[PDB]
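Just below is one structure, and these are the notes that go with it.
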Ligand SMILES: O[S+](O)c1ccc(Oc2ccc(Cl)cc2)cc1
């Protein structure tokens with residue numbers, strides 16, 4: 001058993017709050033916000049050795065990142081930002097920091113009851129997204 005066992009599996013989006021405002025703060029344009037905001041992604045998390053893979057799949061976009069905790073990687077986000085990312089575990093929470101153009105956003109993923117709860121923060125704006133097992 002290991003690090004991220006409680007995260008592994010297939011998850012489906014069940015609620016979102018303030019996601020449009022989070023995307024606005026990040027710089028996402030109108031049409032992308034509208035289509036991205038409609039999406040009901042599945043999130044698929046797997047672990048093989050030290051390598052964690054997170055896939056997001058929806059009618060809007062399919063994305064995939066693979067990484068080792070604490071080891072920076074380059075990421076193209078769903079809204080086409082080219083960012084440098086680092087993901088760590090901090091007290092059982094996966095903490096994902098993305099840096100680009102002198103800006104920074106943090107996405108936190110944690111297990112709470114039978115849910116996977118995602119908090120996205122850009123400056124003073126937070127969005128919360130709740131996933132359940134598929
Ligand atoms: O659902 S959560 O894992 C999750 C994944 C990524 C994310 O950041 C986005 C997503 C879409 C756009 Cl268009 C811009 C930024 C926010 C939440």
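Residue numbering: from 1, along the chain as shown.
Heads up, header says this was done by X-ray crystallography, 1.1 Å.
Note that Cβ sites are derived from N, Cα and C of the backbone, with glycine treated the same way.
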Students should find that the motif 'Nuclear localization signal' stretch in Swiss-Prot, chosen from 13-23, 24-34, is 24-34
Please list the DSSP helix, strand and coil residue counts for the motif 'Nuclear localization signal' (24-34). 8 helix, 0 strand, 3 coil
Among the modified residues listed as 4, 15, 22, the Cα nearest the Cα of residue 130 (fatty acid binding site) belongs to 15
Beyond the listed site residues 129, 130, 131, identify every same-chain residue whose Cβ lies within 8 Å of the center of their Cβ atoms for the fatty acid site. 11, 13, 14, 15, 16, 115, 116, 117, 118, 128, 132
Rounded Cα distance in angstrom between residue 15 (phosphoserine) and residue 4 (N-acetylcysteine) is 23
Kindly assign residue 4 (N-acetylcysteine) to one of the three DSSP-derived states: helix, strand or coil. coil
